[PDB]
J.: 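Sharing a structure with you now.
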Amino acid sequence: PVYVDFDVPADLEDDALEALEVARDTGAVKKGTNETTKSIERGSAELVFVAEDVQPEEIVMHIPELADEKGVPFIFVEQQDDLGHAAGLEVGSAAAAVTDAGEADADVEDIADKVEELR
Amino acid sequence: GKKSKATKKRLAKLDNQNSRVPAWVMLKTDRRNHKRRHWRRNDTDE
Amino acid sequence: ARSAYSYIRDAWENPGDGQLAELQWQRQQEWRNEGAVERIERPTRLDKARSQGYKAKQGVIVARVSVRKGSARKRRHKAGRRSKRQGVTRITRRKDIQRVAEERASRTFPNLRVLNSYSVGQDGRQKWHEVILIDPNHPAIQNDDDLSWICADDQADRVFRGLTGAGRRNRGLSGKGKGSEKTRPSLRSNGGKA
Amino acid sequence: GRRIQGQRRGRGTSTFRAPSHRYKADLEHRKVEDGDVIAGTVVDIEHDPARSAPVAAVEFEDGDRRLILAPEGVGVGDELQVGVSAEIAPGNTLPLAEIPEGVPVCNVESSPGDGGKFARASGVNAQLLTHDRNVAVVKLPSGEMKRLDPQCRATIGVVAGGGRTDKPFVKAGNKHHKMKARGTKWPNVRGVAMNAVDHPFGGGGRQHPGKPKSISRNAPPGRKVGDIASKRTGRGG
RNA sequence: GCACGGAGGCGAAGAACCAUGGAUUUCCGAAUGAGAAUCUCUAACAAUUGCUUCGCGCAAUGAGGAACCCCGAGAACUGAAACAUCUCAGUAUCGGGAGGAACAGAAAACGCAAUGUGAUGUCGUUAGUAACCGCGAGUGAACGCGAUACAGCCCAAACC
RNA sequence: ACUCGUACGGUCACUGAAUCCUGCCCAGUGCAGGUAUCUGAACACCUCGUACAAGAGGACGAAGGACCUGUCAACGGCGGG
RNA sequence: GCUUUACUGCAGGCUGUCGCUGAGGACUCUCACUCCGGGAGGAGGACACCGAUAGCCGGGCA
Ligand SMILES: [Cl-]
Ligand SMILES: [Cl-]
Ligand SMILES: [Cl-]
Ligand SMILES: [K+]
Ligand SMILES: [Mg+2]
Ligand SMILES: [Mg+2]
Ligand SMILES: [Mg+2]
Ligand SMILES: [Mg+2]
Ligand SMILES: [Mg+2]
Ligand SMILES: [Mg+2]
Ligand SMILES: [Mg+2]
Ligand SMILES: [Mg+2]
Ligand SMILES: [Mg+2]
Ligand SMILES: [Mg+2]
Ligand SMILES: [Mg+2]
Ligand SMILES: [Mg+2]
Ligand SMILES: [Mg+2]
Ligand SMILES: [Mg+2]
Ligand SMILES: [Mg+2]
Ligand SMILES: [Mg+2]
Ligand SMILES: [Mg+2]
Ligand SMILES: [Mg+2]
Ligand code: NA
Ligand code: NA
Ligand code: NA
Ligand code: NA
Ligand code: NA
Ligand code: NA
Ligand code: NA
Ligand code: NA
Ligand code: NA
Ligand code: NA
Ligand code: NA
Ligand SMILES: [Sr+2]
Ligand SMILES: [Sr+2]
Ligand SMILES: [Sr+2]
Ligand SMILES: [Sr+2]
Ligand SMILES: [Sr+2]
Ligand SMILES: [Sr+2]
Ligand SMILES: [Sr+2]
Ligand SMILES: [Sr+2]
Ligand SMILES: [Sr+2]
Ligand SMILES: [Sr+2]
C-alpha cells in the first residue's frame with residue numbers, strides 16, 4: 001500500500017500469473033524477495049512481480065524504486081500465496097522475477113506495456 | 001462455638017495425647033507426660 | 001550484490017524519513033491499541049532479527065512489547081533522609097527500557113527463553129521493542145546447530161540474570177579494557193560500584 | 001505534621017464516601033435513535049436520596065421503565081416525550097435547537113448525548129437565551145452565560161423541590177440526618193481549634209490563624225486552606 | 001527401635017541386622033476441576049505459554065534448598081569529635097532468577113611505546129601507589145609481574 | 001474519593017441560637033487583577049573565540065518581581081505629642 | 001515533637017523551551033492525539049495530555 005502507486009485490474013493480474021507459470025516451465029524464474037532483488041541488481045530480470053499483502057511492508061518497499069532505476073518492469077499481485085503457487089511454490093512468495101521468459105516473451109512484453117500505460 | 005469435622009479430629013487427638021505414660025514404660029525404662037494439658041489452665045491451638 | 005535485507009536495514013537508519021516514516025505513523029496507531037505484549041508472526045525488522053539469531057522455524061517466537069517512556073517512577077521518602085537521598089524527580093533506574101521489555105516478554109512466555117531484542121520505535125509516551133524468544137523444549141530447536149545451546153539448564157531465565165545482549169551491555173561489559181574494572185566479571189563481585 | 005482532613009478525604013475511605021449502595025439512579029436522558037417516536041407515562045413519583053428532591057418513574061412505549069429528573073409540575077398519568085419532535089411542554093426533553101428562546105430548562109447536557117450535567121438541583125433552572133446554527137446560549141443558575149452545542153438535550157421547566165433551602169435546619173440533628181445521605185464528613189471542627197500538628201491554623205495560646213488566610217493557587221495540598229486564591233474578602237469596598 | 005515391663009510371637013522354609021533395587025505411600029501442601037483453618041462439592045495440566053493431528057493430543061513453567069552466585073530496589077544509626085558534600089555503604093533489608101557451582105571469556109584489548117604482550121576468572125604483588133576529597137575526615141584502582149588452570153569456536157551477509 | 005452529585009451544588013475557612021448592631025485603616029504582610037517602561041532562565045538565533053568544542057558577549061524575553069489598582073466578616077492595627 | 005521571612009534541600013503548582021507533531025508575529029486546515037456518542041457521527045486539534053528541561057513560588061515535607 002505505501003509502495004503501491006497504482007491498482008492492477010484483476011484481469012491483467014490473471015495474464016501475468018499465467019505468463020509466470022509458463023515462464024517456470026519454459027524459461028527461468030526467481031522465487032523470493034532476496035533472489036528477486038539480486039536479479040534486478042544484476043540486471044538479469046525482465047519482469048518482477050510483487051505481492052500486495054506483505055507484512056511487514058519493509059520486506060518489499062524497495063522493489064519499486066530499485067526497479068525504476070534499472071528499467072526493469074514490475075507488477076503487483078493481490079495475494080501472496082498465488083504468486084507463490086504461480087511461481088511453482090508450495091508456500092507463498094512476497095516477490096518474484098521472471099529471469100528471461102520462454103515462449104511467453106510476447107506476453108510478458110505486452111503486460112509490461114499495458115502497465116507502463118497504466119502509469 | 002461450632003466445630004467442623006477437622007477441628008473435631010484435632011480436638012480428639014489433643015484429648016488422646018492428654019493421657020498418662022503407661023506404667024509398664026516406667027518399669028521398662030526403670031524410671032512423666034511433659035505434654036499433659038488441663039482444659040482450664042491451658043489453651044489449645046486453632 | 002546487495003541483499004534485500006540491506007534495504008530493510010538502510011530504511012531503519014532513519015525511521016523518520018521516506019516510506020518508513022509513513023509506515024510508522026500508520027502502524028503506531030494500531031500498536032497503541034494493542035496490549036503490553038503482542039505475539040507476532042513475523043519480525044518488523046527482518047534483517048535485524050536474522051542478524052540477532054532469528055530463524056523461520058518451529059520454536060522461534062517474536063513479540064512486540066511496549067513500555068512507558070521517561071525516567072524512574074519512584075515514591076518520595078516517608079522517613080528521614082539527608083538531602084542527597086531525598087531526590088525523586090531526576091532519579092533514573094539502572095536498567096534501560098529495552099531490558100524491562102525483554103523481561104515482560106519472557107514473563108508472558110514462561111516456557112520460552114529470550115534470545116535477543118531490538119527497537120521498533122516510540123512515540124512521545126512509550127517505546128516498542130520486538131523480542132525473539134526460543135522454545136528450548138521443541139525438537140526442531142534441540143536439533144539446531146545454531147540455537148541448541150540455549151537449551152542448556154544454565155540458560156533458564158537467562159534474561160532475569162542479565163545474560164542477554166542488552167543485559168550485558170547495560171552491565172558495562174562491552175569494553176574488555178579500560179573502564180571495565182568494576183563491571184567484569186559481574187557487578188556484584190565488584191561490590192556494586194560499576 | 002500530620003495530613004489535614006482535606007487530605008484524608010482523597011483516600012476515599014468509608015468515612016468520606018457517599019452511600020451509593022443506597023442511591024437509586026443517575027437520571028440521565030434516554031438515548032433515542034431519532035424520529036422522537038419515544039414517549040412514556042409517569043407511573044409514580046419517588047424521593048431521590050442523593051438529591052433530597054423528587055424524581056418521576058416513567059414507563060416508555062418500548063417497555064423501558066426508568067427514573068427521570070423531574071421538573072416541577074409533573075404528576076402520575078401525565079405523558080412525557082423525548083426526541084427532536086417532542087412537544088414543547090414541561091417535562092419533555094429535546095435538543096436545545098428545538099427549544100424556543102426564553103424557555104426555562106433543566107438537566108442540560110454539556111456535550112450532546114452525555115445525559116445531562118447542568119441545572120439538576122432542587123428548584124433550579126437554566127435559561128435558554130440565544131439560538132443559532134452553531135451555538136445555543138444558556139444562562140446557568142449561577143448567572144453564567146454558557147455557550148453550548150445546539151445539539152445538547154434538555155428538559156423543559158424548572159427542577160422540582162424548589163424552596164428547599166428556605167427553611168432552616170433549626171437543629172444539629174436535622175443536619176445530621178441529611179449529612180448521612182451524602183459523601184461528607186460532618187460535623188466540622190475549626191482549623192484554629194486544632195493542634196499545630198493537625199492544621200496550618202492550629203496552635204497558639206488563644207485561637208487565631210497565625211497567618212493571612214488568603215492562600216495562593218499554587219499552594220500544595222496540606223497548605224491550601226482558608227480562603228483559596230480569593231480575588232477579595234470581606235463585605236466592604 | 002529409643003525402653004532394663006508383662007504376655008505372646010517370629011527365626012535352620014536361615015529371622016534380626018546391613019547394602020542395592022523394587023512395592024505400598026491417607027489429607028493439606030507450588031497444589032493445578034470448584035471451594036475450604038488439613039475438609040467438602042460436581043470429571044478436570046487451574047493459570048500462562050510452545051508445538052499442534054487445533055483435541056490439554058504432546059510438552060514447558062510454578063515451589064523448595066545452609067550458604068555460596070547473577071540481575072534489580074536500596075536505608076539509618078555511625079565517622080567527620082556539630083553538620084549539609086563526603087562517611088557508615090552499594091553495607092542491612094526488599095523484589096526477581098540459575099547452578100552444583102555461578103558470573104566472565106577469544107580484543108573495535110593492552111600502551112613496562114615496543115623489533116613488545118596476546119580470551120576469562122582467581123591467588124600473591126603492583127599499593128594505600130595513580131586517582132578522588134568541606135583537597136577535611138576519609139575513599140581507592142589498573143597495566144604489568146609471579147602463580148593456578150589453560151581452549152578455542154559458532155552465526156549474520158556476500159556466492160548458492 | 002467527592003459523584004447514581006451539578007451552583008437551592010460541594011469544596012475551603014472564620015464566627016457561633018434569637019434580638020439590637022458590627023465604626024476607621026490597604027502603609028507593611030497575604031491574596032487577586034493590571035501593567036507603557038524596567039528587571040527576568042533555558043533551547044533556538046547572532047558576534048567573538050576554537051580548523052571543532054570548552055568559553056565570553058549579544059539580541060529576544062514567559063511566569064515572577066519592580067510599579068499601579070482592588071480587598072479587613074484577610075493577617076492584623078486603631079498610639080505619643 | 002512543634003514553629004518560622006534560621007541554614008540547606010525535596011515534593012507540588014505556575015510559566016517558557018524541546019520531543020510527541022502533521023498540511024497550507026498574526027492565520028487557516030486535518031491526519032496524529034484528546035473528549036462526547038451504543039453507532040453513524042460530533043467537538044476539539046497540532047493545542048491539550050504525557051516524557052525532558054529551565055525560571056518563579058514553595059515549613060506541604062525532610
Ligand atoms: Cl529468558
Ligand atoms: Cl447542607
Ligand atoms: Cl605487555
Ligand atoms: K548521614
Ligand atoms: Mg478420658
Ligand atoms: Mg553452518
Ligand atoms: Mg442522573
Ligand atoms: Mg456518614
Ligand atoms: Mg465548627
Ligand atoms: Mg486544644
Ligand atoms: Mg503545620
Ligand atoms: Mg478567635
Ligand atoms: Mg472564639
Ligand atoms: Mg485441590
Ligand atoms: Mg558527627
Ligand atoms: Mg566471581
Ligand atoms: Mg571539620
Ligand atoms: Mg568507596
Ligand atoms: Mg591499565
Ligand atoms: Mg466556643
Ligand atoms: Mg471516556
Ligand atoms: Mg522541620
Ligand atoms: Na482453656
Ligand atoms: Na520465559
Ligand atoms: Na515411602
Ligand atoms: Na503441567
Ligand atoms: Na490443547
Ligand atoms: Na562526633
Ligand atoms: Na548532633
Ligand atoms: Na567530598
Ligand atoms: Na618486567
Ligand atoms: Na495594608
Ligand atoms: Na518530643
Ligand atoms: Sr506463508
Ligand atoms: Sr482463665
Ligand atoms: Sr523459572
Ligand atoms: Sr452522569
Ligand atoms: Sr452515561
Ligand atoms: Sr494558631
Ligand atoms: Sr466595611
Ligand atoms: Sr592460554
Ligand atoms: Sr448572634
Ligand atoms: Sr495590601
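Proteins come first, then strands; the chains are lettered A, B, ... in the order of their sequence lines, and each starts at number 1.
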J.: Nearest heavy atom decides the nucleotide; on that basis, is C:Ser51 or C:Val60 closer to the 5' end of RNA chain E?
T.: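 Whichever sits nearer the 5' end wins; that is C:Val60.
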J.: Reading the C1'-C2'-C3'-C4' torsion of E:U148, is its sugar north or south?
T.: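 On the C3'-endo side: north.
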J.: Does the pair F:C78 and F:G79 meet both stacking conditions, six-membered ring centres under 5.5 angstrom and ring planes under 30°?
T.: no
J.: Round to the nearest Å and state the distance from C:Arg9 atom CZ to E:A157 atom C1'.
T.: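 So the two atoms are 8 Å apart, to the nearest Å.
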J.: Would you tell me if any nitrogen or oxygen in the side chain of C:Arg125 comes within less than 4.0 Å of OP1 or OP2 on G:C20?
T.: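 No, no such contact exists.
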J.: Tell me whether G:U28 and G:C29 stack, counting them as stacked only when the base ring centres are under 5.5 Å apart and the planes differ by under 30°.
T.: yes
J.: On RNA chain E, nearest-nucleotide positions of C:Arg81 versus C:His138: which is more 5'?
T.: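 Whichever sits nearer the 5' end wins; that is C:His138.
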J.: Has B:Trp24 got its ring stacked on the base of E:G5, with centres under 5.5 Å and planes less than 30° apart?
T.: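 It does: the two rings, one from B:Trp24 and one from E:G5, meet the stacking criterion.
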J.: Just checking, are the bases of E:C112 and E:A113 stacked by our 5.5 Å, 30° definition for the six-membered rings?
T.: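 Base stacking between E:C112 and E:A113: absent.
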J.: On RNA chain G, check which nucleotide each of C:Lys84 and D:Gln7 is closest to and give me the residue with the more 5' one.
T.: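 Its nearest nucleotide lies further toward 5', so the answer is C:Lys84.
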J.: Between D:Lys24 and D:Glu46, is there a salt bridge with N-O shorter than 4.0 Å?
T.: yes
J.: Can a side chain N or O of B:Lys28 be found less than 4.0 Å away from OP1 or OP2 on E:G5?
T.: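 No, outside the criterion.
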J.: Are any of C:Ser71's side-chain N or O atoms less than 4.0 Å away from OP1 or OP2 of G:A52?
T.: yes
J.: Would you say the bases of E:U117 and E:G118 stack, taking the criterion to be ring centres below 5.5 Å apart together with planes below 30 degrees?
T.: yes
J.: Is it true that D:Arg30 and D:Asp62 make a salt bridge, defined as a side-chain N closer than 4.0 Å to a carboxylate O?
T.: yes
J.: Regarding G:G9, can its base be found pairing with the side chain of C:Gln86 as donor and acceptor, where the two atoms are less than 3.5 Å apart?
T.: yes
J.: C:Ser189 near the nucleic acid: base, sugar-phosphate alone, or nothing, with a heavy-atom cut-off under 4.0 Å?
T.: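 The answer is sugar-phosphate, as C:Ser189 gets under 4.0 Å only of primed atoms, P, OP1 or OP2.
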J.: If only side-chain N and O atoms of C:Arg90 are considered, is one of them under 4.0 Å from the OP1 or OP2 phosphate oxygen of G:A54?
T.: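 Answer is yes, contact under 4.0 Å.
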J.: Measure from NZ or CZ of D:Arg11 to the centre of the six-membered ring of D:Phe16 and say whether it is under 6.0 Å with the direction within 45° of the ring axis.
T.: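 No, D:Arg11 does not lie over the aromatic ring of D:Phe16.
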J.: D:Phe169 ring centre to D:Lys175 NZ or CZ under 6.0 Å, with the angle to the axis within 45°?
T.: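 Ring-cation test returns yes.
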J.: Extract all donor-acceptor atom pairs below 3.5 Å that involve side chains of residues 218-233 of chain D and protein atoms in other chains or at least two apart in sequence.
T.:
unit_1, atom_1, unit_2, atom_2, d
D:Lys224, NZ, D:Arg217, O, 3.1
D:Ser230, OG, D:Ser214, OG, 2.9
D:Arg232, NH1, D:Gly236, O, 3.2
D:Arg232, NH1, D:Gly237, O, 3.3
D:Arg232, NH2, D:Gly236, O, 2.4

J.: Indicate yes if the six-membered rings of E:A149 and E:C150 are centred less than 5.5 Å apart and inclined by less than 30°, otherwise no.
T.: yes
